[PDB]
Structures are given as C-alpha cells and as structure tokens.
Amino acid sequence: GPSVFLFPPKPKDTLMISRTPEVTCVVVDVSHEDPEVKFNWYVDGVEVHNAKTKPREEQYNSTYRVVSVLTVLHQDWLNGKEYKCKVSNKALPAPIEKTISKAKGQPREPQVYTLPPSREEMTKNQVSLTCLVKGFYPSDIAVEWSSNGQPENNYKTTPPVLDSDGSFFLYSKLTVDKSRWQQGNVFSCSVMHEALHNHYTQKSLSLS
C-alpha cells in the first residue's frame, strides 16, 4: 500500500549560502491500523541522524501522509553525495528505499544575454523583455527578474532545452508596460547556477 517519494532541494536553496537545503521524503497511503512509519537516512551508505519527522497529515481519502525532512550541507549536495531514505511500515513486506543526488556530469557555465523587444511589439500595450540563458549543465538553474532591489514577478521561464552539444538553454520572458520601458527603467535578469562565478550572475536591460 504505502508509496514513497523522495524530492531534492530547490535549486535556489542549494546555491544560496544563507538558505537551508532540505531533502524531503514523502510517504503516502498509510492505513489507520498501520499508522507507525519509521525513516532511516543514509549518505553514501553512512547512517545520518537528526532528521525531522513532521506530524501525520490525515488526508481527504481516509489515509495518512507522513513526511521526514533532512537538512543537507551545501557542499555535500554540490559534490554529488547520494541521499537515501529507507521507509519501514507494517503494511510493507520489505522496507522501501529511494535515492537522490545532483545530476552527475561536468558542470558548464551559462552565458546570459538580454534581448529588448522588437519594434513591431512596441506598438502593443505591453512589451516582452527576453533573457537567453545558454550553455549550462546540469539543468538545475534558477532565473529571476528585478528592477533595483525590488523584484518583478510578471515573468515566465521556459523548461531547459537540450542543445546540439551536451549543454542546455532556456528563455525567460518578463512582460512590462510599454510606458515603463520607454521611461528608461532598468530591468535585471538574475541567474543562479552551480557553475557560475559565485553561483550568481546578473545582466541588465534598458532603453538606449
């Protein structure tokens, strides 16, 4: 009955020293008469301790949903250590195990280019500011937009796309009002990747 789902830390957390990367180990479909679940975590085969098991979250479909969280070190994740979650329950015949780690492969540095709107789009009510990010490996990346320190949240980013070489690329599109573009406001495409210098770069975009 019980199923297991081991999720990696958010890319933004693994690349920012201030944040705390967490590996979460979701267990679903737990019965009422077999409610006890027990986790064991391993890091390259080495038992680790002091995980945090959140309280049982009783579901709409008359089951439980237990979650155990393990905070991992920034360096250990980015060095590519394998984190294993061993679930044990009465309903299970044999303990389930899942393993997760950073996408293995030679890290490659993204080139970040900003592209302004076409003059055809300038006739429209709003305009699209484009940020090309290309040549990065692996596909674990985070792209954000901002003006000054204050962030812009009216943007979408495309899934990473595998190129002719081993690398990836993507586009991020910030939609702004035409007025604010023509007033000469500065927008900044911030990118975060493991292969970037200090895990961060930022390119600006303005009217000439």
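Don't overthink the numbering: it's just position in the shown sequence, from 1.
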Which is higher on average in the deposited entry, the C-alpha temperature factors of 167 to 175 or of 60 to 68? 60 to 68
Of the two stretches 32 to 40 and 147 to 155, which shows the higher Cα B-factor on average in the entry? 32 to 40
Among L92, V112, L129, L73, which residue carries the highest C-alpha B-factor recorded in the PDB entry? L92
Comparing against every modelled residue in the chain, figure out the third that the C-alpha B-factor of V48 lands in (lowest, middle or highest). middle
By its CA B factor, does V87 count among the lowest, middle or highest third of the modelled residues in the chain? highest
Quick one: classify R119 as lowest, middle or highest third of the chain based on its Cα B-factor. highest
Ordered by C-alpha B-factor within the chain, which third holds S101? Give me lowest, middle or highest, please. middle
Where does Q202 sit by CA temperature factor within its chain: lowest, middle or highest third? lowest
